[PDB]
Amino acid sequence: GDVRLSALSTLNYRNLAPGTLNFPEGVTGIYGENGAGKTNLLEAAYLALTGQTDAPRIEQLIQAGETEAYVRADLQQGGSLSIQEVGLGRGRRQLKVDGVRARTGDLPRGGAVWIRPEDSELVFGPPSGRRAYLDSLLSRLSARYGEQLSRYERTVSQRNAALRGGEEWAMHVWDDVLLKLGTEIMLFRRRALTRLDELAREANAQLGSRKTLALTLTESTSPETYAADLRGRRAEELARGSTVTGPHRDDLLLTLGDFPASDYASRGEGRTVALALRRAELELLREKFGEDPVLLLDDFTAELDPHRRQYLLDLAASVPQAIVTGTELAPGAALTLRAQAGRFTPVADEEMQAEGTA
């Protein structure tokens, strides 16, 4: 009855040998050398499960010499099978759910969470990365949000081009649209913030921090003054050649023991905060859907703190299903695979295959 990714197949997907893999309930551990394509399997899974990608360019996902790629996820929730497919090519990501052309919205239970070895950049990196964290999560929570955000981004782009091209007389043509969409986006973010703050605070504590982690939003405007602010900062926007009002300008502020984490958190504290953000993402999806997202744990061996590494492995064992990669096998997994040159092959684990041996 839990959801499960029962199989993943790819063809022409960057750094993956074409083929299929069948995954059991519980943890599938995958080990191999740096460069064997482990992260790309997780990326492909995340794409099939959520319709999202880290790639700045879709062509980056397609094997050299090929012009299209294909990913297929088989999902089993109870006795119900579902099929999620993604076709890639020509800058385009085409989804299908159960054989029918689909929008992102027809994808179900907050499909996956992908914990990534670069996640400390959420703490120490630029505002754009924290907007991407929030936008990604909120788009998984709500189809409407994803559509609004997409339309908003394109509309801001037109406004900014009007400014930069010296067509400032024409700059306000879409301000009604930006008001409406910008307000909805800001409000969705405020709604989620209440729970994300609580969830990240708890995860940070459970990870052993004795400092309080708090999330707040740094906002360019408010719903109540958005229209006034938008229009009222014209002189500034003419000077800058850019739009200075709206959620594309905002940030998720991370405060740890009353100081800005970006500037005062140690490297270890930063790793803990970043993991707390992923745990809060997981739990917020779980609370919304009463359905556990598939956990994609990318390079657990890159976590060099024993306790925090063990937390990741325990979390993976705790959920109905996780796919865990690293340079060595995750102990106790339902299935273990070795990654070589983008090909995944089972290996024996005598500790987990001792049933029916007598």
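Residue positions are given as counts along the sequence shown, with the first one as 1.
J.: Can you let me know which of the two, 186-194 or 224-232, has the higher average C-alpha B-factor in the entry?
T.: Taking the mean B-factor of the alpha carbons in each, 224-232 is higher.
J.: Higher mean Cα B-factor in the deposited model: 166-174 or 77-85?
T.: Mean B over CA atoms: larger for 77-85.
J.: Check the PDB entry and point out which of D263, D119, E219, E281 has the largest C-alpha temperature factor.
T.: Checking the PDB record, the top C-alpha B-factor among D263, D119, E219, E281 is at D263.
J.: Among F259, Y145, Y133, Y152, where is the Cα B factor highest in this entry?
T.: Among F259, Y145, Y133, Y152, the PDB entry lists the largest C-alpha B-factor for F259.
J.: Taking the chain's C-alpha temperature factors as the reference, tell me which third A7 falls into: lowest, middle or highest.
T.: Answer is lowest: the recorded C-alpha B-factor places it there.
J.: Could you place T28 in the lowest, middle or highest third of its chain by Cα temperature factor, using the values in the record?
T.: For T28, whose C-alpha B-factor we compare with every modelled residue in the chain, the answer is the lowest third.
J.: Going by what the PDB entry lists, where does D250 fall on CA B-factor within its chain: lowest, middle or highest third?
T.: Lowest third, going by the recorded CA B-factors of the chain.
J.: Could you look up the Cα B-factor of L16 in the entry and say which third of the chain it sits in: lowest, middle or highest?
T.: Middle third, going by the recorded CA B-factors of the chain.
J.: So where's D299 on the chain's Cα temperature factor ranking, which third?
T.: Tercile = middle for this residue's CA B-factor.
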